[PDB]
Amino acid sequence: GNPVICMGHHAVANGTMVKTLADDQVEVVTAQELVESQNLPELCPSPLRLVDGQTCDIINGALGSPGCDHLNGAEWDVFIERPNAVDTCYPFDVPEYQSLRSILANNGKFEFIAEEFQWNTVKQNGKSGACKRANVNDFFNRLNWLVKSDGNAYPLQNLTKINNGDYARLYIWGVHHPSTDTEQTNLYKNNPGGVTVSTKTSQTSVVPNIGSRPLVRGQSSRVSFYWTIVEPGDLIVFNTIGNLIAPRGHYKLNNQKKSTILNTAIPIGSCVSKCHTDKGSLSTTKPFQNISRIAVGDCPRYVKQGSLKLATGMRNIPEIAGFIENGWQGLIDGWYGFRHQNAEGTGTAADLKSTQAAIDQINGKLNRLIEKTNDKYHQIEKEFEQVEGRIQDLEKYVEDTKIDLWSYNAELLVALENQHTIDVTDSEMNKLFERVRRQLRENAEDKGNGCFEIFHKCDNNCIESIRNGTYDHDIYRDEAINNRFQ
């Protein structure tokens, strides 16, 4: 009725606060941050193929503006478009600009195929001061500016190209909009001009609009660009009585389009990463990030929270006595253990089986806590220079809805896991204490502070027998029962 064995668990000076279903803050021994808030100051060029547009945005790249030669034959997973790209050529607009941009970026390559168009008596290769290469008048190198012959003739053009190949073709073509009627007749003789571009299933007809626009690089006239896709087995007809800016061929479309585009000033560095934000690449294993909604590749999911702490250890209770409202700051060899006092003194030893059992249930979630890929490439635009209305509203609302739902999932998840982690480790403590209860049987009594008063001689070999589960209660039974009741 003198030796005492105690059951306890580790503790630390002070640990980390986390969130559960119940409490707002519960202190625990160890915790891990789940939200990435650090980004590299650069974009990583591997394992994804990044292509830098430099002074050239993707549209001018497709058109073949001065400055964009370095993009011929390029292939990308991610086109890096620079916010300070500048127009260097003839002033132009693109009805449905964003859509052409999406198609080009998504396709993932600038593989251009020349074709000779046997245009009639019209002069070809028109050039301009608004589009100089060095100081020489030039034009978009994928386009061919047709004007009237020296004989003041511009006859009806009528050319056909059949796609009997195994890939869809992208034709880019334009319509010139002169500033005055004299300009119209000087260039194209006919007034009005006109363009019809047709496949078997679709047709685009364009009437030039004559009139003065603001001066840009010396020009008040404009080109509007359009595009036509021609599937294998389809064909394209170009029809014009003037103002056509002819294609010089076509781009090849990949059957499967898996590329995308990222607009950022962030430089391309030397690192390795599969995750790219417009702030730079991510290098992390965390399941969430608060850096940018604009994330391309294999990325953590974007959430609003700055921090989410996942408990990786038990509740931390600080400060001859086992668990009850006590933790052993001395126990540094395990999560649970034994603390005794017999004739030969005291001693603190860790319990392995219960420590391991706790660990495999808390770091059982290890593995499942970033399960899933989230490998996304082409997505949608998520920032805008100016309001445009209905379509943009919808894009903003979609992304906002997404972020709120994932932010919520992240909040609930951590709370649920922490609740479970707390419950598992409290349960493993009780299980240990109960296991000991069942070995001692009637040779001991529950002190009430996580300790057993052992009612018999128990030397260190006997103490050990308890810890490694070999203690036979019958050996000490009648010795013990006597000390208990008489």
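In this text, residue numbers run from 1 along the sequence as written.
Q: Between residue 319 and residue 320, how many deposited residues lack coordinates (none, 1 to 3, 4 to 9, 10 or more)?
A: Missing in between: 4 to 9 residues.
Q: Taking the recorded C-alpha temperature factors, which stretch has the higher mean, 231 to 239 or 329 to 337?
A: Between 329 to 337 and 231 to 239, it is 329 to 337 that shows the higher mean C-alpha B-factor.
Q: Averaged over C-alpha atoms, is the B-factor higher for 282 to 290 or for 344 to 352 in this PDB entry?
A: If you average the C-alpha B-factors of 282 to 290 and of 344 to 352, the larger mean comes out for 344 to 352.
Q: By the CA temperature factor listed in this entry, which of these ranks top: 461, 46, 60, 427?
A: Going by the entry's C-alpha B-factors, 461 comes out highest.
Q: Tell me, lowest, middle or highest third: where does the Cα B factor of residue 411 rank within its chain?
A: Lowest third.
Q: Based on the deposited C-alpha B factors for this chain, I'd like to know if residue 41 is in the lowest, middle or highest third.
A: Its C-alpha B-factor belongs to the middle third of this chain's values.
Q: Relative to the other modelled residues in the chain, which third contains the C-alpha temperature factor of residue 383: lowest, middle or highest?
A: Tercile = lowest for this residue's CA B-factor.
Q: Lowest, middle or highest third: where is residue 440 by C-alpha B factor in its chain?
A: For residue 440, the deposited C-alpha B-factor lands in the highest third.
Q: Where does residue 185 sit by CA temperature factor within its chain: lowest, middle or highest third?
A: It falls in the middle third of the chain.
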